[PDB]
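Engineer: After the structure tokens below, expect a handful of questions from me.
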């Protein structure tokens, strides 16, 4: 079943990302089985700015929102603690999706 998201595009797939929170519980909490989460995010042609603030932060909020509405339709809730990780991991995906091929076109950063 899928019937609630529909606004933004569909960004390229990848591996499960993993950010260094360095708190070992907090790391484990995802390192356990995190592959169950999506490994794509939802973006828009931003142009001009490319990679300023809202490029990632808006893309996080949209991705989050296409799940908050989902969960509101489903009958579930998240934690602030999950959301801390979720934000970092979706934030990373919204950068890394752009760094796949958008960064070959737009932007730079060989080192």
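Engineer: Consider residue 21 carefully, then state whether it is touching a residue at least 24 places away in the same chain (Cβ under 8 Å), outside any helix (DSSP H, G or I), out of contact with any strand residue (DSSP E or B) (no Cβ under 9 Å at 6 or more places or on another chain) and farther than 28 Å from residue 1 by Cα.
Structural biologist: Criteria met by residue 21.
Engineer: From 87, 80, which residue is free of Cβ contacts under 8 Å to residues at least 60 places away in the same chain and over 25 Å from residue 102 (Cα atoms)?
Structural biologist: Sole residue among the options that is free of Cβ contacts under 8 Å to residues at least 60 places away in the same chain and over 25 Å from residue 102 (Cα atoms): 80.
Engineer: Still on this structure, please answer the following. Do you know which residues across the range 24-53 are surrounded by 13 or more Cβ atoms within 10 Å (Cβ to Cβ) and either in a helix (DSSP H, G or I) or touching a strand residue (DSSP E or B) at 6+ places or on another chain (Cβ under 6 Å) (or both)?
Structural biologist: 26, 27, 29, 30, 34
Engineer: Yes or no: the range 59-68 includes at least one residue that is within 26 Å of residue 3 (Cα to Cα) and either in a loop (DSSP other than H, G, I, E, B) or over 13 Å from the mean Cα position of the chain (by Cα) (or both).
Structural biologist: yes
Engineer: Here is a follow-up. Residue 95: in a helix (DSSP H, G or I), in contact (Cβ under 8 Å) with a residue 24 or more places away in the chain and farther than 20 Å from residue 2 by Cα, yes or no?
Structural biologist: Criteria met by residue 95.
Engineer: Output yes when any residue across the range 56-64 is surrounded by fewer than 10 Cβ atoms within 10 Å (Cβ to Cβ) and out of contact with any helix residue (DSSP H, G or I) (no Cβ under 7 Å at 6 or more places or on another chain), and no when none is.
Structural biologist: Within the range 56-64 (the criterion being surrounded by fewer than 10 Cβ atoms within 10 Å (Cβ to Cβ) and out of contact with any helix residue (DSSP H, G or I) (no Cβ under 7 Å at 6 or more places or on another chain)), the answer is no, since none of the residues qualifies.
Here, each number is a calculation from the coordinates, and none is a lab measurement. A quick note on method: Cβ atoms are made from the backbone with ideal geometry, for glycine too, and the neighbour counts reach across all protein chains shown.
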